[PDB]
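Student: Before I ask anything, let me first share the structure, which is written out below as structure tokens.
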Ligand SMILES: Nc1nc2c(ncn2[C@@H]2O[C@H](COP(=O)(O)OP(=O)(O)OP(=O)(O)O)[C@@H](O)[C@H]2O)c(=O)[nH]1
Ligand SMILES: Nc1nc2c(ncn2[C@@H]2O[C@H](COP(=O)(O)OP(=O)(O)OP(=O)(O)O)[C@@H](O)[C@H]2O)c(=O)[nH]1
Ligand SMILES: Nc1nc2c(ncn2[C@@H]2O[C@H](COP(=O)(O)OP(=O)(O)OP(O)(O)=S)[C@@H](O)[C@H]2O)c(=O)[nH]1
Ligand SMILES: Nc1nc2c(ncn2[C@@H]2O[C@H](COP(=O)(O)OP(=O)(O)OP(O)(O)=S)[C@@H](O)[C@H]2O)c(=O)[nH]1
């Protein structure tokens, strides 16, 4: 029931999806091979949403692995929990777009679109009812963005009624890892305003600073980023996967977060996040989390909501507490953060609770909010695009793949209209 | 009752028939010598269809082995289950047509026609009621095609009412194993449009690609091809051999598949086909098979039905499920594949189920369908024939056996009329 | 004292006859061999504690007959009433009507004639077969006209397995169906429904049997025939004869194709969950989905309605329930047929089987009418016939049995005239 | 003899129906399977020692239905009265009203119609749902008009979970609330209050349960419905029917939204600390904070007051307490409604659950009126709707279900006219 098919693009996307899958194996009591060992019926009652009916009392993730190179392929398969995936879900290229959107979308994507559509259709038909999709990729990378755009386009033209979310990784503003990454973000967003119902923006430097300061780690790594990503993962999907006094699903969140079809970018959230010698001393209560719900420190996608205005807030909780405390806390949050909040969207806090807490924590809290802070990020991206497109630098790589000038012109015009609409809302 | 006599031509045909016979020995509980050891009465109740009453509580296959050379003869007899055949059924030549249709049909076939007719008449008379025949040969080979043509002609002039099917092996379009194989296919088809009630076209490269990709084998061999062939074997003949809630026979299929006497070429099918680490993870349910019924991947005779239109579909099932699920699945197959299906043949799915599943699998499914995709294969064969007959190359070998020009002209005219009629249906 | 003769042709007919005889044997306490006066309507007194069915089992293929003669009821059935064929028509009406049927119709005609000889109170004939089966179409039809010409105005009842609109064992089913319908139309006194898909759907949703088998279908037929024949095999307040059945529902010889429905079909665990009262069971049975026919009766008009209550059913409650059925507008009738209601009350409760889907209940009702929705199925079959015969497919098979296409065409127009007669 | 039908839509509706049936089963001694004549108002006699609820469980999502069909009361409920959906509206009134509701309204309409067929003494309909839930708004509304058009003037009672002013699961709750209120206004015979925050506050301060759960809310609804239906399920000095409830509180069809309150809500340890006398319990219940509604009734005027005493309550003491209630000036009434008091006395003491928050007591009173303070909540909801629709947010979601903004606007003005009608 309400089956969800996972598709992962790029090395970062593949690592994120894998880490998710081990986290789901923890949450649902699944070992490294696939056998179930959970101590409660709640883990295994709704295992079919992310697993399929496997013979011998086994379960395999409903995942699709896509890449243009088998290097991360082999590392993921040979890594932990690599035997839980059938070899068929691993489909890879042999060239690699080299961080180029046009190459991965047209040149090498031409011979991978058939495979990805075949596997996603097999996953959809082999299941009872596909509630929606979830994709992970990086907009900074060129190939991963191209696979994301191609898959969202094909899903929209194939399943226009089935909603989804895309967990794209926007490149960090502070670091220019790829010279042609502004093109990648440009084209990915131009396709996202058009083929995606809602999108969460995940920015690198914000999670980097969180791991550095909030978690108090001197050696941040991709592992902690994937861990927090998997926490966001579980926080969003626990309402559908696990029983709750206030049951919710991705459709509820999409209805509660999208006021306009083009206004669908939101910035996810997780809490509490404390270290060993603070957790045993911190208050394990709701106020310690509500002071952590709204802050630029434990903040996800690097643009401060204080400068802008929140559109609406969604809060999911997992633990043992009553509901009225949450309601009064949300009312106090409005009362004190009225200036930071929007005046014409009263009671803009979406409140739901999943009964089952995650493994190892008796609360986790996932802050799903939307603010006009992403306007700054989009405007900076647009001005950067104008800056190095005025010089017409690095255009040859794209024009060699069948590109054109005014195409990029309407792309930048689309982001201009999007940022203008967001400013008008502000 | 309803006895069927097997005749095998060519090395490939002999290997295929042998492998069939070991598979039937598995299905009916027959050991390598001929003794019965099946655990159920269902195996041995209808053993007389493919076996004869042998003294000492034994059973021997109702097979006829024909070749122009004893090399494969000795290998087959000295191979597994070689003692289950009496030495009399092994009749061989000593010259070999050398992949020539005219030689194997006139020069060396003159001294083998008497033997093959004598043995087939002995098999027919020694039995109660011969329901029909089944022949295996390769159209790419020259001798095997000539034996196939001669035997179908003699059967038609001797038993015009007893239907049969021919499991001919059409040469692969991608590889030209024999230079004069277009002549072989030409003459074999010219005799098949005329002496055969229905024919299944088995193409090499399609099964090669299936073994390579669907089965995920890096070293495909003739053994796997013969195994899948024996699965097709069992799938077609299980309805007659084994009890079923919807009993069927070859006559039912022939009536359900032949709309015109010249329109009798069909393309067989088998499913499911999954490896060890996919079977324990795949869904062992009907939808996993119905997504596998209609696909260019698990596809038998290398011509895509999507380009053409299906004439009608026959589906036989063996397992433990209810029938209404099959009916609604067929209705959904029509609903979604209406464009790929024919509009003027409503409910063109032939539905029947054999109760007894094959040994080792609790479902097998044999997809018997007909489409205008074979039009492409026939047209390519015709144009190749025109290409190297315009140059009059390699005609000397055939003209030395008593050949003539306009004979080949009406042969190519017959394939032209056949392809024109198939296009008219399309 | 009186008797009736049951005829079974084809695989479906043989299985149906076997199931019906299983009912008649377990209802009257017959052990598989034939031992321990209303039971004489179907069994004959000879010797000591003996009974045998008054039936003929014939099929062009000996598989089903062999299966019957291997059950524990070999002693129950006379061996000589089982007829084994050699060449099955294979879903070909012409094959079983001319090639094999013509040379084996003689013994069966001949010895069912003796079955009538020792049964001087022959009420009528029961025929069980399938349109889809070539044998069950051709041989059944030809023996039907042979019955008509050898008995005149003797009542004859037909139970045919009509292939469903989306359920067809053979693609050549329209040919057999149209041919047999045109051939036996003038002589078919009364022919019913069987929709296999509707049976499966009802079993899956009412009996909640996710994995049913043709045994459920076999007593689906068995309970229908038992409810029909309870009046002849058991006394009641107002017993109904076979003649009155065709008298009520055949004012015109053209329309004699009524549909049948049973109430209720409830498992033992669900029988704990519901006890029957007249109003609820009748209104549930009149519901289109409860009908075992895949045609919504509300599309057209209703011809007549016949109730067959069995058990402890009060006639006054019957009248009140039937009236409140009449008043509601979901039920409509033809203008010239205002009073077409006949009620047959029997005091024999319906009989159960050990290990069966149905639950053992003291009362039941049989739903008996001829709705106009059958015209929808007839029109759809005619349209499919037109489509699949327009390019003249599978005709050569019937040609090889020695006729040209003309008879196919005028059978099509005959059935079209039947369809437009509504 | 007589019956009533309860309707449960959405997660809240299904949970409420399950809790109410738990009450009705434990009050009458029903074991989870259905065994051991006033209990026939909600259960049906079939077979032997059998009862099943007269209810339909339907939701666009099958989670709550699956939870119900996994409890120990699987045998208690018929399987066929549980309806499982596939696409939850997800707090969208239009989604559950058009996209999924329109193709599943048929079976429910259809078979609640049989529930009325076997219940000839159908007193009325009970509806339990939530405004916040998209299913519980849209599907509930559409089935409400379907009830109105298929039954005419039949009494229908609605139990709606109105989202609280500061408690809202979904931010799109104003859209669903306004749409359903405008849609079912003309047909809603009587709709009540549920304030989740007020329930939590009362449980935390009266029952002193610092950590309550939705089970407390479930019997909060359960005890309310039990006190309402005690007159129909048990005799008393002056029993009250469903018709009189809407007769007293609906002199004008526009205003039919009375609030409900129970007395008392006291734990066993606190029940040791207080025994009930009529004056104290009534004056405590009339206190605004004791009301489970987050609207102070003293802001406006009082329409009418209805008392539902159950147990050993003296009518003379009732009259004296009600009079001394009248004299005090904290209670005020409209000029044209001087005598709007109806008292219903029942001899059945309120029933307790093992392990429940409420204490087992021989007497109770139900507080039943329609204060003007509901206008404050309606005005606040309308103001929030105006604010959050002024920039036209979340409208495209309803647009994708295929309507333009107009109907939103005129629903807003319709509810504004309702608000200013006070
Ligand atoms: N309802 C029902 N129908 C059955 C059953 N068994 C067989 N049938 C019918 O029989 C049809 C299959 O063809 P048959 O009637 O068996 O044909 P046959 O017995 O082989 O006779 P020929 O076609 O002449 O060879 C199906 O379409 C069914 O409608 C059964 O158990 N129940
Ligand atoms: N008082 C009370 N209200 C409940 C309870 N459970 C759910 N609710 C109500 O249900 C609302 C949550 O949305 P639901 O009604 O469950 O929506 P749904 O069932 O998912 O249906 P859709 O929104 O159409 O998908 C909350 O605002 C509550 O008011 C309960 O146990 N007690
Ligand atoms: N959080 C997180 N970020 C990662 C991880 N791996 C890579 N990234 C980020 O992703 C960005 C590169 O995206 P990537 O997916 O590698 O591009 P690509 O186009 O797929 O690269 P290629 O396959 O063409 S070579 C870098 O900025 C890097 O910081 C990871 O494991 N976790
Ligand atoms: N699937 C399958 N194909 C085979 C097998 N053996 C041979 N073939 C195919 O058959 C073709 C040759 O046909 P073959 O029967 O050997 O010709 P022939 O005329 O009999 O050869 P000869 O006896 O005159 S020497 C080749 O293309 C080969 O691929 C086999 O065991 N399995």
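Any Cβ shown, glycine's included, is placed from N, Cα and C.
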Student: Of the candidates B:45, B:53, B:69, which one does Swiss-Prot list alongside B:11, B:138, B:142, B:143, B:144, B:204, B:226 as binding GTP?
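Tutor: Between B:45, B:53, B:69, Swiss-Prot records just one in the GTP site with B:11, B:138, B:142, B:143, B:144, B:204, B:226, namely B:69.
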Student: Just to confirm what the record says: which one of B:95, B:126, B:339 has phosphoserine annotated in Swiss-Prot?
Tutor: B:339
Student: Can you tell which of B:40, B:338, B:371, B:413 Swiss-Prot marks as phosphoserine?
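Tutor: Residue annotated phosphoserine in Swiss-Prot: B:40.
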Student: At its widest, how many Å does the recorded GTP site span between Cα atoms of B:11, B:69, B:138, B:142, B:143, B:144, B:204, B:226?
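Tutor: Among the residues the record ties to GTP, max Cα distance equals 23 Å.
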Student: In sequence order, which residues at least six apart in the same chain have a CB under 8 Å from the CB of residue B:69 (GTP binding site)?
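Tutor: When sequence neighbours closer than 6 are ignored, residue B:69 (GTP binding site) has B:92, B:93, B:94, B:95, B:96 within Cβ distance under 8 Å.
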Student: Where among the recorded positions B:40, B:138 do you find the Cβ with the fewest other Cβ atoms within 10 Å?
Tutor: B:40
Student: Rounded to a whole number, how many Å is the Cα of residue B:11 (GTP binding site) away from the Cα of residue B:40 (phosphoserine)?
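Tutor: Residue B:11 (GTP binding site) to residue B:40 (phosphoserine), Cα-Cα distance: 34 Å.
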Student: Name, in the order they occur in the sequence, the residues of the same chain whose CB lies under 8 A from the CB of residue B:144 (GTP binding site) and which sit 6 or more residues away.
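Tutor: Within the chain, residue B:144 (GTP binding site) has Cβ neighbours under 8 Å at B:9, B:10, B:11, B:12, B:13, B:104, B:137, B:138.
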Student: How big is the gap, in Å, between the Cα of residue B:339 (phosphoserine) and that of residue B:204 (GTP binding site), rounded to a whole number?
Tutor: 28
Student: Is any of B:40, B:138, B:142, B:144, B:339 (recorded positions) within Cβ reach of ligand 4, i.e. under 6 A, and which?
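Tutor: Within range of ligand 4: B:138, B:142, B:144.
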Student: For the recorded positions listed here, B:143, B:226, B:339, which shows the highest count of neighbouring CB atoms within 10 A?
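Tutor: The residue with the most neighbouring Cβ atoms within 10 Å is B:143.
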Student: Relative to the Cα of residue B:40 (phosphoserine), which of the binding-site residues B:142, B:143, B:204 has the closest Cα?
Tutor: B:204
Student: Including all protein chains displayed, how many Cβ atoms other than that of residue B:11 (GTP binding site) lie within 10 Å of its Cβ?
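Tutor: A count of 21.
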Student: In the structure shown, which of the binding-site residues B:142, B:204 has the fewest Cβ neighbours within 10 Å?
Tutor: B:204
Student: What three-state class does DSSP give residue B:138 (GTP binding site)?
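Tutor: For residue B:138 (GTP binding site) - judged by DSSP and reduced to three states - the answer is strand.
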